[PDB]
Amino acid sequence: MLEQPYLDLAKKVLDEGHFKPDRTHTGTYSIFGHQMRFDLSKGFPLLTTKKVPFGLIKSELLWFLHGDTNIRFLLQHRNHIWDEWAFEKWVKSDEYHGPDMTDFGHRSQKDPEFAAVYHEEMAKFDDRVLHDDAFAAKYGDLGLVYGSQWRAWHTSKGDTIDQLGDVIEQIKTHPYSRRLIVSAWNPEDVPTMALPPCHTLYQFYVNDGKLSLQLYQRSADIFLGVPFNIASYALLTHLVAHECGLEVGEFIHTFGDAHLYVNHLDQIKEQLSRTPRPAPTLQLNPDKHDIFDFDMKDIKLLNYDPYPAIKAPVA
């Protein structure tokens, strides 16, 4: 059905998987080079064989579209995906006096109480960001995330480029350009970076009255991370169709290392026995139109009827 392209992508790695060590050797089955297409006029690519939080997808897409870099917008939308990127530098200088949280990702995972001390000093940190302009301003700002790469590229001779906002004036005035790319990869500040962008680039395209978008994902954690990535970029494809006064066609996901983290093998076999359900259908607020100054309430998901959720081990 609509997601069938996803569930085969997980079976091919279950058959071509080269075991590849990486991580800290930790374990992967991977393929290199894969492309899967979703026809967004049949429905929205949110999985029906795992319940995926559409709420944490739109909160983050609209952080991206507002051009935002600050953990504070996400936290005051209960969406906590980016938190330890900034809870990481909290565990760094000056005011960091007290607990350990020392490359903590490792020890909460293996912990009775290392994790709860991790878990509390983190909400200490979080309801701080929510509450003082100076802490928030200092440590809640990640610097180089997608809102800053998409809406403010940093130039020599200091400017900021709005990459997004210029390819959409470009899709309004020249529908047939093959130069409609946004690149989240700047190669200058990429070794001075903690997580090199994974959505490296995407490219839109107008065929007869309708818009599509293709994405180069440099590395994708098949089970835990692709469920979420398919709907973030098939959301943005509906939103820029919205603003360009166009119709909606295809979302093409193309992949570099597509992998299955090894600690995740029993779980993805379980969803692999489930049978699809019909996918939801997304509609968007008709009367506001500039997506950049949209809020949660203008995006709704109807008839999402998921299977239950499959809980992680994480990546």
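Residues carry their position along the shown sequence, with the first being 1. Throughout, rigid core stands for the largest set of C-alpha atoms superposing within 1.5 Å between the two forms.
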* Structure fact -> Stretch farther from shown form by Cα RMS in 4 other deposited structures of this protein, picked from 86-94 and 175-183 after core fit, is 86-94
* To do: Determine, for 23-31 and 254-262, which one has C-alphas that on average lie farther from this form in 4 other deposited structures of this protein; superpose on the rigid core first.
  => 23-31
* **Average Cα temperature factor in the PDB entry - higher stretch of 246-254, 54-62** => 54-62
* 148-156 set against 112-120, stretch whose average Cα temperature factor tops the other in the entry -> 112-120
* Structure fact -> Reading the B-factor column for Cα atoms of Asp103, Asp126, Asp208, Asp221, the highest value belongs to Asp103
* Structure fact -> Binned into thirds over the chain's modelled residues, the C-alpha B-factor of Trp90 lands in the highest
* Asked: Thinking about Cα B factors across the chain, which third does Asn70 belong to?
  -> middle
* State the tercile, meaning the lowest, middle or highest third, of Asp133 with respect to the CA B-factors recorded for its chain. => highest
* **Entry-reported Cα temperature factor of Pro175, expressed as the chain third it lands in** => highest
* Please rank the C-alpha B-factors of the chain's modelled residues and tell me whether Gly165 sits in the lowest, middle or highest third. => lowest
